[PDB]
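Have a look at the structure below before the remarks.
Below, the structure is given as structure tokens:
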């Protein structure tokens, strides 16, 4: 089977600037003077979309900023002027031999200015507490870069082992990330304590931001 | 069966069906390609003109691709399934139209190979308050908890509210059940005038839950 090896594995490009992604093949993908190399884009949460076929032919409805080059074993996808909507994993594919094979993908990130998170806290619903479980949620919204530290404090005691974080992929419009930290406690442990606090540390923040609530009031 | 995710018990046979429009078109063929979770893409096989088929030798033991001209449908059947067959399956329609080759990958169907039973979600509000406000902006949302298997899709106001929506990737919990939250930022002025409803779709359990989120 032909193996396709892409480079780079990941890259970060400022809007307006050029992205260059290469794809190497173990064997020639050329037959009848045709280079059977395709390029695909998989945006966050979406199926793959054909961008280019036969090395250099743009698919319908693909912007002209996407261009394919190369022959034989060496191929290149160039995005001339990157847009925020281009955040995706890009994949090479060979159809010269069966089975068709794909590269392992190249992750394109969009470089933007530092943006501090907007922080929000959500107490557990009374409906959920009746079931015996309390989920406390803290939201970090519209921030860059991805690195952030979220610490939970219950009655001023830092928590460990009882929190899970989830992060969105970069937004297609503003190139930011958002993050959820969910603290999960038994109903009893939740009712044993009063002050629930989310402390956030990020490059965009000169000092940590704390969002807090007292169990019982709003 | 396309864009209808669900469960297929280990050792059983996965049967997926796709509705195709273009048996009439030139160059027409359907490829079946899968993407395991967190992974890349794997080509399984194709069915062409006249029901001629080609298969990847990794699955030739257990893979049959068929077509039904009566119902404009193409099907995949994968026998003796294991957890390694857990993946998004794509029915890829391809051919020539206008002056260009095209591929339509569809929506994809997440198939989870599990002996565990389906469970619909418990939906709880992430209610707006003074602690969910920033400069005239309020955050609100829905916590979608204890569902199996993936996936859950979340809309707001039946698709009318799209700006400011962030649906987080699901987390597998200790319990073997999944949880996610979908949030939206809105004007704090709208909290008393606009209704906010999360529409949560769990096709594996045949369940759809609408939750109105009200201010505190």
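Protein chains in written order, with the entry's author numbering: chain B, 1 to 218; chain A, 5 to 220.
Note that beta-carbon positions come from the ideal geometry of N, C-alpha and C, so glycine has one too.
At 9 angstroms on the CB atoms, spell out the chain B contacts of residue 29 (chain A), in chain order.
-> For the C-beta of residue 29 (chain A), not a single chain B residue is nearer than 9 angstroms; the gap to the nearest is close to 14 angstroms.
Note down, in chain order, every chain B residue with its Cβ under 7 angstroms from the Cβ of residue 111 (chain A).
-> Those within 7 angstroms of residue 111 (chain A) in chain B are 47.
List the endpoints of the continuous alpha helix (DSSP H) containing residue 231 (chain B).
-> Residue numbering for chain B in the displayed model covers 1 to 218; residue 231 (chain B) lies beyond these limits and cannot be assessed.
What number of angstroms, rounded off, separates the C-alpha of residue 213 (chain A) from the C-alpha of residue 203 (chain A)?
-> Going from the Cα of residue 213 (chain A) to the Cα of residue 203 (chain A) covers about 6 angstroms.
Neighbour list for residue 213 (chain A) in chain B, Cβ cutoff strictly below 9 angstroms | Neighbours of residue 213 (chain A) on chain B: none; closest Cβ ~13 angstroms, over 9 angstroms.
Residue 169 (chain A) versus residue 57 (chain A): straight-line alpha-carbon distance, rounded | Roughly 43 angstroms between the two C-alpha positions.
Confirm, please, whether the CB-CB distance from residue 116 (chain A) to residue 11 (chain A) is below 7 angstroms.
-> A contact, by the Cβ cut-off of 7 angstroms.
Round the Cβ separation of residue 137 (chain B) and residue 29 (chain A) to the nearest angstrom and send it over; I've been treating them as touching at under 8 angstroms.
-> Between residue 29 (chain A) and residue 137 (chain B) the Cβ distance is about 49 angstroms, and since that is not below 8 angstroms, they are no contact.
For residue 35 (chain A), which residues of its own chain have a beta-carbon under 6 angstroms away from its beta-carbon, when the five flanking residues on both sides are left out?
-> So the list reads 50, 96, once near-sequence residues are dropped.
Starting from residue 72 (chain A) and walking both ways along the beta strand (DSSP E), at which residues does that stretch end?
-> Residue 72 (chain A) -> beta strand (DSSP E) spans 67–72.
Please confirm if residue 43 (chain B) has its CB atom under 7 angstroms from at least one CB of chain A.
-> Chain A, which has no Cβ nearer than 7 angstroms to the Cβ of residue 43 (chain B), makes this no.
The alpha helix (DSSP H) with residue 128 (chain B) in it runs from where to where?
-> Segment 126–130, the alpha helix (DSSP H) holding residue 128 (chain B).
Rounded to whole angstroms, what's the CA-CA distance from residue 152 (chain A) to residue 60 (chain A)? Just pull it up for me.
-> One C-alpha to the other measures close to 31 angstroms.
Since residue 143 (chain A) meets chain B, which of its residues come closer than 9 angstroms, beta carbon to beta carbon?
-> Within chain B, the residues whose beta carbon sits less than 9 angstroms from that of residue 143 (chain A) are 118, 120, 122, 139, 141, listed in sequence order.
In whole angstroms, what is the alpha-carbon distance linking residue 33 (chain A) and residue 167 (chain A)?
-> The alpha-carbon atoms of residue 33 (chain A) and residue 167 (chain A) are separated by roughly 38 angstroms.
Backbone CA spacing between residue 163 (chain B) and residue 187 (chain B) [nearest angstrom] | CA-to-CA, the gap between residue 163 (chain B) and residue 187 (chain B) works out to about 15 angstroms.
Which one or two residues does DSSP pair with residue 57 (chain B) in a beta bridge?
-> Residue 57 (chain B) is bridged by DSSP to B:53.
Can you list the residues of chain A that residue 105 (chain B) reaches, using a CB-CB cut of under 9 angstroms?
-> Neighbourhood of residue 105 (chain B) in chain A, by CB distance below 9 angstroms: 44, 45, in chain order.
Just tell me which of B:212, B:134, B:120 has its CA closest to the CA of residue 187 (chain A).
-> Selection B:212, B:134, B:120 evaluated against residue 187 (chain A) yields B:120 as nearest (Cα-Cα).
Do residue 89 (chain B) and residue 105 (chain B) come within 7 angstroms of each other at the CB atom, strictly closer than that value?
-> Residue 89 (chain B) is positioned such that its CB atom lies closer than 7 angstroms to that of residue 105 (chain B).
Give the C-beta separation of residue 143 (chain A) and residue 136 (chain A) to the nearest angstrom, bearing in mind that I take them to be a contact with Cβ-Cβ under 8 angstroms.
-> With a Cβ gap of about 5 angstroms, residue 143 (chain A) and residue 136 (chain A) count as contacting.
What separation, rounded to the nearest whole angstrom, lies between the Cα atoms of residue 162 (chain A) and residue 198 (chain A)?
-> If I take the Cα positions, the gap works out to 14 angstroms.
Does residue 211 (chain B) have its Cβ less than 7 angstroms from a Cβ in chain A?
-> With 7 angstroms as the cut-off, residue 211 (chain B) counts as an interface residue toward chain A.
With DSSP collapsed to three states, give me the class of residue 36 (chain B).
-> In the structure shown, residue 36 (chain B) sits in coil (DSSP, three-state: anything other than H, G, I, E or B).
Contacting residues, own chain, Cβ-Cβ under 6 angstroms from residue 183 (chain A) (five flanking each side not counted) = Apart from sequence neighbours up to five positions away, the residues of its chain that approach residue 183 (chain A) with a beta-carbon distance below 6 angstroms are 149, 175, 177, ordered along the chain.
Near residue 86 (chain A), what residues of its chain come up, given a Cβ to Cβ distance below 7 angstroms and the 5 sequence neighbours on each side ignored?
-> When the five nearest sequence neighbours on each side are left out, the beta carbons in the same chain lying within less than 7 angstroms of the beta carbon of residue 86 (chain A) are those of 14, 117, in order along the chain.
Which runs of the beta strand (DSSP E) spanning at least 3 residues fall entirely within the region 91–129 of chain A, listed in chain order?
-> Taking only runs of at least 3 residues, the beta strand (DSSP E) segments lying wholly in the region 91–129 of chain A are 91–101, 104–108, 113–116.
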